[PDB]
Amino acid sequence: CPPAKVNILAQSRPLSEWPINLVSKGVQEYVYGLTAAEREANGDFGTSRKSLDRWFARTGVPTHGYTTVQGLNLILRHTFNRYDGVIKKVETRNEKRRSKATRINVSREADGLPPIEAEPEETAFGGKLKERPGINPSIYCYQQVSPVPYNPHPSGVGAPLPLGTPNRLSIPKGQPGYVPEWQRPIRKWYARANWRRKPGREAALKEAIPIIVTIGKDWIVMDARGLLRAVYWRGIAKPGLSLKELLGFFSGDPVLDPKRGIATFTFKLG
DNA sequence: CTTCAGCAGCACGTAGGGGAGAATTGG
RNA sequence: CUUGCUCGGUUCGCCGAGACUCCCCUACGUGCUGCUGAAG
DNA sequence: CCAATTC
């Protein structure tokens, strides 16, 4: 499932300092800096509601308003898996060591030599873990957050979305887009590729396909032309679609990147 | 004024941990 | 094939050819940098 | 009709 990365036109607030992102951040730090005896003790995370009011009241991790189970269930499953990773890799390293350690023990029978000294075991911590990872700012969107067409929500159509650029050679001279008479015999004219600085050398907003993804009193309005463009080069659909139809191809659950100011979508299984 | 010594990264690889739903059932 | 990214052409009017499995983290590498200790 | 529940 390749991603269909789409830009952000406007946002209520940067993705940072956002209920889901901020509350996730607090969860992240607690889990990673835990003890192997405080992981199986402070972590009792259940896919229910009263347990996440129990886990968030026993671990002490704060919530500035986020209680949504569908988004507080993968957040608390990301951190625990990530912390599990930092012990898994060490165990695999130790396991790899004992895989060849048995292998060099097999050659001892042919060697007729004294057995090799025991291979040391790498310990993930010698109570806090050695490698406490940094927080993952990526924001994950769930079913109650899934995208919808922008149909005033605080210019879009779910009418059939325009094909766009229907006229190239018929533009009047002097108007934006006319092929010069000397080179007369699909990127729009405001494409930054054609006006970039080179060794020899609002329109986007007014010709947009705005979708919207909402999290409580928050929202992101991605430009679906990026989502449009993903379909048109893979061989899935044709010019006949709408704000409702394209979102059908792409997973209900998109991802978000606060830093680059870009959101990420994924193809569904089909 | 040269060998190397071992930490760090502006920048680079690899190498290895984590992640990228959605259909029902309550109030 | 409406946005966005890379690299080219031009009369600067936009034109030509492409990429698209990405993201997060820990850490370890190469010149470079720095801090030191050997030999005249 | 919108959060909590399921695998």
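Restricting the stretch A:40-94 to residues that are within 18 Å of A:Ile215 (Cβ to Cβ) and small (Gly, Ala, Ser), which is surrounded by the fewest Cβ atoms within 10 Å (Cβ to Cβ)?
A:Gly65
Only one residue in A:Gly43, A:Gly33 is more than 20 Å from A:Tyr140 (Cα to Cα) and touching a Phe, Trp or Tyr at 6+ places or on another chain (Cβ under 7 Å). Which one? Please lay out each step first, then the result.
Details: A:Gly33 fails: touching a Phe, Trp or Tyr at 6+ places or on another chain (Cβ under 7 Å).
Among A:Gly43, A:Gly33, only A:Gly43 is more than 20 Å from A:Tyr140 (Cα to Cα) and touching a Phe, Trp or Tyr at 6+ places or on another chain (Cβ under 7 Å).
Output the residues belonging to the stretch A:15-29 that are surrounded by fewer than 16 Cβ atoms within 10 Å (Cβ to Cβ) and of a type in the set (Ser, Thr, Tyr).
If the condition is that a residue be surrounded by fewer than 16 Cβ atoms within 10 Å (Cβ to Cβ) and of a type in the set (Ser, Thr, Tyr), then A:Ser16 is the only one that fits.
Every residue, every condition in (1) in contact with a strand residue (DSSP E or B) (Cβ under 7 Å, 6 or more places away or on another chain); (2) closer than 20 Å to A:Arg260 by Cβ, yes or no:
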{"site": "A:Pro160", "(1), (2)": "yes, no"}
{"site": "A:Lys173", "(1), (2)": "no, no"}
{"site": "A:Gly177", "(1), (2)": "no, no"}
{"site": "A:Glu181", "(1), (2)": "no, no"}
{"site": "A:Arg187", "(1), (2)": "no, no"}
{"site": "A:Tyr190", "(1), (2)": "no, no"}
{"site": "A:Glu207", "(1), (2)": "no, no"}
{"site": "A:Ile212", "(1), (2)": "yes, yes"}
{"site": "A:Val221", "(1), (2)": "yes, yes"}
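Output the helices (runs of 4 or more DSSP H) that fall wholly within the stretch A:200-257 and possess 3 or more residues being within 22 Å of A:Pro152 (Cβ to Cβ) and charged (D, E, K, R), or say none.
Details: elements: A:203-206, A:224-232, A:243-249.
Per the criteria, no element qualifies.
Any chance you could count how many residues in the stretch A:27-60 are within 17 Å of A:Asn81 (Cβ to Cβ), assigned to a loop (DSSP other than H, G, I, E, B) and away from DNA strand D (no atom under 11 Å from the Cβ)?
Taking the stretch A:27-60 and keeping what is within 17 Å of A:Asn81 (Cβ to Cβ), we get A:27-34, A:36, A:38-40, A:42-47, A:52, A:55, A:59.
Applying the additional criterion that residues be assigned to a loop (DSSP other than H, G, I, E, B) yields A:33-34, A:43-47, A:59.
Imposing the further condition that a residue be away from DNA strand D (no atom under 11 Å from the Cβ) reduces the set to A:33-34, A:43-45, A:59.
Number satisfying all stated conditions: 6.
Would you point out which residue out of A:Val255, A:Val179, A:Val221 is surrounded by 10 or more Cβ atoms within 10 Å (Cβ to Cβ) and more than 30 Å from A:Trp18 (Cα to Cα)? Can you show your working first?
On the way: A:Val255 fails: more than 30 Å from A:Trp18 (Cα to Cα); A:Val221 fails: more than 30 Å from A:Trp18 (Cα to Cα).
The match here is A:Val179.
Positions of Cβ are generated from backbone atoms using ideal geometry, with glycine treated the same way; all protein chains shown enter the neighbour counts. Here, each number is a calculation from the coordinates, and none is a lab measurement.
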